[PDB]
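K.L.:
Next comes input.pdb, PDB, C-alpha atoms:
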MODEL        1
ATOM      1  CA  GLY A   1    -101.819  40.590  71.573  1.00  0.00           C
ATOM      2  CA  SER A   2     -99.590  42.297  74.128  1.00  0.00           C
ATOM      3  CA  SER A   3     -97.884  40.682  77.121  1.00  0.00           C
ATOM      4  CA  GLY A   4     -97.457  44.057  78.793  1.00  0.00           C
ATOM      5  CA  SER A   5     -94.440  45.826  77.314  1.00  0.00           C
ATOM      6  CA  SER A   6     -92.885  48.432  79.608  1.00  0.00           C
ATOM      7  CA  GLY A   7     -89.446  49.916  80.192  1.00  0.00           C
ATOM      8  CA  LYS A   8     -88.504  48.198  83.445  1.00  0.00           C
ATOM      9  CA  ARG A   9     -85.186  46.425  84.005  1.00  0.00           C
ATOM     10  CA  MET A  10     -82.678  45.947  86.827  1.00  0.00           C
ATOM     11  CA  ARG A  11     -79.813  43.721  87.971  1.00  0.00           C
ATOM     12  CA  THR A  12     -79.284  42.037  91.340  1.00  0.00           C
ATOM     13  CA  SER A  13     -77.221  39.344  93.060  1.00  0.00           C
ATOM     14  CA  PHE A  14     -78.459  35.837  93.856  1.00  0.00           C
ATOM     15  CA  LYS A  15     -77.447  32.821  95.942  1.00  0.00           C
ATOM     16  CA  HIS A  16     -76.175  29.441  94.744  1.00  0.00           C
ATOM     17  CA  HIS A  17     -79.034  27.578  96.425  1.00  0.00           C
ATOM     18  CA  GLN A  18     -82.135  29.232  94.969  1.00  0.00           C
ATOM     19  CA  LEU A  19     -80.479  29.596  91.565  1.00  0.00           C
ATOM     20  CA  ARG A  20     -79.693  25.874  91.513  1.00  0.00           C
ATOM     21  CA  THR A  21     -83.446  25.289  91.304  1.00  0.00           C
ATOM     22  CA  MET A  22     -84.020  28.023  88.724  1.00  0.00           C
ATOM     23  CA  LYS A  23     -81.032  27.410  86.450  1.00  0.00           C
ATOM     24  CA  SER A  24     -81.799  23.685  86.539  1.00  0.00           C
ATOM     25  CA  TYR A  25     -85.385  24.407  85.498  1.00  0.00           C
ATOM     26  CA  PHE A  26     -84.289  26.670  82.643  1.00  0.00           C
ATOM     27  CA  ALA A  27     -83.100  23.456  80.991  1.00  0.00           C
ATOM     28  CA  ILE A  28     -86.327  21.582  81.720  1.00  0.00           C
ATOM     29  CA  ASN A  29     -88.656  24.326  80.495  1.00  0.00           C
ATOM     30  CA  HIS A  30     -87.663  27.694  79.029  1.00  0.00           C
ATOM     31  CA  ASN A  31     -91.234  29.001  79.124  1.00  0.00           C
ATOM     32  CA  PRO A  32     -92.496  28.136  82.633  1.00  0.00           C
ATOM     33  CA  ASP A  33     -96.239  28.473  83.213  1.00  0.00           C
ATOM     34  CA  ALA A  34     -97.868  30.290  86.131  1.00  0.00           C
ATOM     35  CA  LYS A  35     -98.062  27.070  88.148  1.00  0.00           C
ATOM     36  CA  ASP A  36     -94.314  26.561  87.733  1.00  0.00           C
ATOM     37  CA  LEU A  37     -93.680  30.229  88.516  1.00  0.00           C
ATOM     38  CA  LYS A  38     -95.671  30.193  91.757  1.00  0.00           C
ATOM     39  CA  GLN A  39     -94.017  26.882  92.632  1.00  0.00           C
ATOM     40  CA  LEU A  40     -90.531  28.293  92.057  1.00  0.00           C
ATOM     41  CA  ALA A  41     -91.216  31.453  94.059  1.00  0.00           C
ATOM     42  CA  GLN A  42     -91.165  29.062  97.016  1.00  0.00           C
ATOM     43  CA  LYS A  43     -88.354  26.664  96.116  1.00  0.00           C
ATOM     44  CA  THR A  44     -86.208  29.793  95.859  1.00  0.00           C
ATOM     45  CA  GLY A  45     -88.114  32.309  97.960  1.00  0.00           C
ATOM     46  CA  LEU A  46     -88.121  35.053  95.337  1.00  0.00           C
ATOM     47  CA  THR A  47     -91.283  36.622  93.920  1.00  0.00           C
ATOM     48  CA  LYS A  48     -93.138  35.771  90.710  1.00  0.00           C
ATOM     49  CA  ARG A  49     -91.941  39.030  89.159  1.00  0.00           C
ATOM     50  CA  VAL A  50     -88.291  38.486  90.084  1.00  0.00           C
ATOM     51  CA  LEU A  51     -88.555  34.994  88.602  1.00  0.00           C
ATOM     52  CA  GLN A  52     -90.285  36.003  85.369  1.00  0.00           C
ATOM     53  CA  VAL A  53     -87.582  38.609  84.758  1.00  0.00           C
ATOM     54  CA  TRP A  54     -84.549  36.546  85.762  1.00  0.00           C
ATOM     55  CA  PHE A  55     -85.747  33.785  83.435  1.00  0.00           C
ATOM     56  CA  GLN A  56     -86.283  36.253  80.589  1.00  0.00           C
ATOM     57  CA  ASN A  57     -82.768  37.605  81.126  1.00  0.00           C
ATOM     58  CA  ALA A  58     -81.292  34.119  80.752  1.00  0.00           C
ATOM     59  CA  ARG A  59     -82.684  33.501  77.268  1.00  0.00           C
ATOM     60  CA  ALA A  60     -80.945  36.744  76.304  1.00  0.00           C
ATOM     61  CA  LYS A  61     -77.650  35.838  77.975  1.00  0.00           C
ATOM     62  CA  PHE A  62     -77.514  32.266  76.673  1.00  0.00           C
ATOM     63  CA  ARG A  63     -78.080  33.506  73.122  1.00  0.00           C
ATOM     64  CA  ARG A  64     -74.563  34.879  73.580  1.00  0.00           C
ATOM     65  CA  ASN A  65     -72.746  31.786  74.848  1.00  0.00           C
ATOM     66  CA  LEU A  66     -74.889  29.792  72.420  1.00  0.00           C
ATOM     67  CA  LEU A  67     -73.216  31.224  69.317  1.00  0.00           C
ATOM     68  CA  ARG A  68     -69.814  31.472  71.000  1.00  0.00           C
ATOM     69  CA  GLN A  69     -67.351  28.607  70.555  1.00  0.00           C
ATOM     70  CA  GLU A  70     -68.341  27.162  73.931  1.00  0.00           C
ATOM     71  CA  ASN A  71     -70.956  24.448  73.410  1.00  0.00           C
ATOM     72  CA  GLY A  72     -72.070  21.056  74.689  1.00  0.00           C
ATOM     73  CA  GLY A  73     -72.977  17.756  73.077  1.00  0.00           C
ATOM     74  CA  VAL A  74     -71.227  16.238  70.068  1.00  0.00           C
ATOM     75  CA  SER A  75     -71.165  18.617  67.101  1.00  0.00           C
ATOM     76  CA  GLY A  76     -68.958  19.523  64.155  1.00  0.00           C
ATOM     77  CA  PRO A  77     -68.728  20.534  60.478  1.00  0.00           C
ATOM     78  CA  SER A  78     -70.589  17.402  59.380  1.00  0.00           C
ATOM     79  CA  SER A  79     -73.603  18.624  57.407  1.00  0.00           C
ATOM     80  CA  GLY A  80     -76.237  19.139  60.085  1.00  0.00           C
TER
ENDMDL
END
Would you mind giving the structure from this file in structure tokens?
P.N.:
Amino acid sequence: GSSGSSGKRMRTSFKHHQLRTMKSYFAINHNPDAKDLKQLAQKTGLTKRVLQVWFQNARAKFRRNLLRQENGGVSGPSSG
């Protein structure tokens, strides 16, 4: 019951092309399976690792803009 927990983190820059494929996917599937990972490593060129991380970082980042005022779709005070 451990998906390998180690203290390894780093930040790097990315292009607008490769990302387009990744970011777009993030919306399709937050938890991409190996197949998807290996498939993305090509559509973007990055490596499985780089992908796995980047994706994981997103979930953390979004959580921020998610609670912040900024938001999509129709929503309001209406009991929901």
K.L.:
Which one is closest to residue 25 (chain A): A:58, A:48, A:12, A:64? Count all atoms listed in the file.
P.N.:
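Checking each of A:58, A:48, A:12, A:64 against residue 25 (chain A), counting all atoms listed in the file, the winner is A:58.
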K.L.:
Suppose you want the space between CA of residue 34 (chain A) and CA of residue 6 (chain A); what is it in Å?
P.N.:
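Here the two named atoms are 19.9 Å from each other.
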K.L.:
To verify the selection step, state as number ranges by chain which residues the PyMOL selection byres ((chain A and resi 45) around 12) yields on this input.
P.N.:
A: 14-15, 17-19, 21-22, 37-44, 46-51
K.L.:
Rounded to one decimal, what separation in Å do you get between CA of residue 67 (chain A) and CA of residue 27 (chain A)?
P.N.:
17.2 Å
K.L.:
Considering only C-alpha atoms, can you say which of A:24, A:31, A:5, A:75 comes closest to residue 52 (chain A)?
P.N.:
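Under the stated criterion, the closest residue is A:31.
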